[PDB]
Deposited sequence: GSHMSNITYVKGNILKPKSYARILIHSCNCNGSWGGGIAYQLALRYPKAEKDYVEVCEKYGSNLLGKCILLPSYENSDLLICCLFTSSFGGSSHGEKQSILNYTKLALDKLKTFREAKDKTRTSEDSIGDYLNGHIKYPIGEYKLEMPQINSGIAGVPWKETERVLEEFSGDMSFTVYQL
């Protein structure tokens, strides 16, 4: 219903403006998984993330930041802070789903009208950007995807997601 499942590399470049959503940690570790691959291609976008994580630390749980790709005018990256440390040191599954859910709240409100880093970098109306993500949390975090799926399901009629399998 709310979701549209796609097969492919979310990282392969697209031709429409979009917002990439991935779950993150408060530790300033763009360590492994798809977080790390966004750190290689978008180093400017990493530096903002590390810098935000020392300024505010574990204060970002349940919150999201939108920061620009810098390499692509049409790609905005969006972190949802769901856990306080990257890697196997992660929080337990209930919080990460609670913290995913709150964080996506902050996004939804933002489009209906985080983005300190965005000044000048926002080519299009924010509601024109498509939202894409991998199966965030189904890897390092370990949260099965059924679980995270239904949080996105309960944002139906608010936002629509393209998910990359």
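K.L.:
Should a student be asked to find the unmodelled regions, what ranges of the deposited sequence would be the right answer here?
P.N.:
In sequence order, the gaps with no modelled C-alpha are 1-4, 118-127, 180.
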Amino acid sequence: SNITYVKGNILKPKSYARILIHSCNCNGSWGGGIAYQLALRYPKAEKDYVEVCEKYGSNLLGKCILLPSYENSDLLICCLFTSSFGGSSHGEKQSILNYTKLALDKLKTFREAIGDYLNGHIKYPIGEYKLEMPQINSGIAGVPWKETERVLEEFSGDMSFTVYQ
From here on, numbers count along this sequence of modelled residues.
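K.L.:
Highest mean C-alpha temperature factor of the two stretches 123-131 and 47-55, which is it?
P.N.:
Per the PDB entry, the higher value belongs to 47-55.
K.L.:
Would you determine, from the values in the PDB entry, which of 82-90 and 69-77 has the greater average C-alpha temperature factor?
P.N.:
Looking at the recorded C-alpha B-factors, 82-90 comes out higher on average.
K.L.:
Relative to the other modelled residues in the chain, which third contains the C-alpha temperature factor of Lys12: lowest, middle or highest?
P.N.:
It falls in the middle third of the chain.
K.L.:
Considering only modelled residues of the same chain, in which third does the CA B-factor of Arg41 rank: lowest, middle or highest?
P.N.:
Lowest third, going by the recorded CA B-factors of the chain.
K.L.:
By the record's CA B-factor, is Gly33 among the lowest, middle or highest third of residues in the chain?
P.N.:
Ranked within chain, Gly33 CA B lands in the lowest tercile.
K.L.:
Compare the C-alpha B factor of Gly62 with those of the other modelled residues in its chain, then answer lowest, middle or highest third.
P.N.:
Tercile = middle for this residue's CA B-factor.
K.L.:
Splitting the chain's C-alpha B-factors into thirds, which one does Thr109 fall into?
P.N.:
Top third by C-alpha B-factor.
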